[PDB]
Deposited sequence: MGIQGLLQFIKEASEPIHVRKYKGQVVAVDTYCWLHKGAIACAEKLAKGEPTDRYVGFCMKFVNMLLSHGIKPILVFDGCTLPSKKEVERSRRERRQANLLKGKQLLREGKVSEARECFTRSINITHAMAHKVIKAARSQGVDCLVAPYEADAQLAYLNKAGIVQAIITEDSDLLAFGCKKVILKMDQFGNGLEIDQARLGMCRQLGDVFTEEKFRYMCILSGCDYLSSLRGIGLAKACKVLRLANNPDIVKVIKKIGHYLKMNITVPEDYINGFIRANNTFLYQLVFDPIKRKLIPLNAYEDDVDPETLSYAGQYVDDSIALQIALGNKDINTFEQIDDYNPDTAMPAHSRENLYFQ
């Protein structure tokens, strides 16, 4: 997530209700509903005790969407991106830590703080997600498991015209170049909408409303793929991109000390990390629902070599990609754990 982005472009935000998308299709970052639903039953989940409260929690959101004549496409996270394995491990350590020390806090008597310990140990597994998938598909609601991060898949679904809006809590969608993003939606449909074309309402944003420059801004400020240079936030990065009339971002980053009047040393591997971040935001592998084939988020440009983009995910056979996307194949064991067929009755 782009920390502070939502407050940085608040002028482009608008309080809405989902009724305005009646008769249209809306994709959903289901992992947020999964997490907020897991919070209610974090105790049983952390203990391994059987529960399915989060299923109902997600399904009342889904039902709420269905009640207003909206077609929801639930999208789920798939395989972990190779550039975040260390990160996921480092987070898993914290989860297990809060789990154990949570159990010890239960041993010592306080539960209100122990609650706060168990709520930070929540690990959304693919099994839970699959439970939600079955629960939704029993209602005729489409479900699609992303090849990797659901962010890029959602971005594709929106930029292709399959859906007209995206329900999420993560601002990464804005960096992926989404047209419309619905944030902070409760059980009743009251949410906050951000339009890409409305980014012009932000005065301090300057002329950084174009998708490319906006992406550059989000990356330079600091994202999940690359940590920002110490002292570089959203405002200063935006200032750099505003003061830079040069289309070549590399020379700009090399002159980031010049555009800001600061003693900023730019390491040579930071440029590599930046290029990788941009290529990940641009060409992360998604799944085409129509053609049923692994494709990059955006079409490969004539300058970039697609052979050196393994950090954006590697390709597999389209059949395997299909069985993975349908949730029929386990992401980890690559074994058939289901046999859904959308044909015999996205």
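- Stretches of the deposited sequence absent from the structure, as judged by C-alpha coordinates, are 1, 347 to 354, 356 to 358.
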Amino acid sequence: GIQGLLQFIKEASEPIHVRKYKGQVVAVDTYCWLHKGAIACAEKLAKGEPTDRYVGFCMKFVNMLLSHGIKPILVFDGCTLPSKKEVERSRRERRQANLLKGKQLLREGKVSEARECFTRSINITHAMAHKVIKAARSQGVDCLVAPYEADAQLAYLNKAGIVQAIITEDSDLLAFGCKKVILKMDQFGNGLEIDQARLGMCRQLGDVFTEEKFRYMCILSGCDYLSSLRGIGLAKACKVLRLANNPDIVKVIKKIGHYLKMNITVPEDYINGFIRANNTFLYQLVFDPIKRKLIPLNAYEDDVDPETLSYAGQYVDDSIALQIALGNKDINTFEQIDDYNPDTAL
From here on, numbers count along this sequence of modelled residues.
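Under this definition, the rigid core comprises the largest set of C-alpha atoms superposing within 1.5 Å between the forms.
- Averaged as a root mean square over residues and superposed structures in 6 other deposited structures of this protein, CA distances to the shown form are larger in 94 to 102; the pair compared was 195 to 203 and 94 to 102 with a core fit.
- Comparing 139 to 147 with 103 to 111 in 6 other deposited structures of this protein, after superposition on the rigid core, the stretch with the greater RMS C-alpha deviation is 103 to 111.
- Judged by mean Cα B factor in the deposited record, 109 to 117 ranks above the other of 174 to 182 and 109 to 117.
- When the C-alpha B-factors of 86 to 94 and 206 to 214 are averaged, 86 to 94 comes out higher.
- Across the options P147, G273, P72, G102, the residue with the most elevated CA B-factor in the record is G102.
- In the PDB entry, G4 places in the lowest third of its chain by CA B-factor.
- The deposited CA B-factor of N332 belongs to the highest third of values across its chain.
- In the PDB entry, a CA B factor belonging to the highest third of its chain's modelled residues is recorded for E307.
- Remark: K10 belongs to the lowest third of its chain, ranked by C-alpha B-factor as recorded.
- In this PDB entry, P50 carries a Cα temperature factor that places it within the highest third of its chain's modelled residues.
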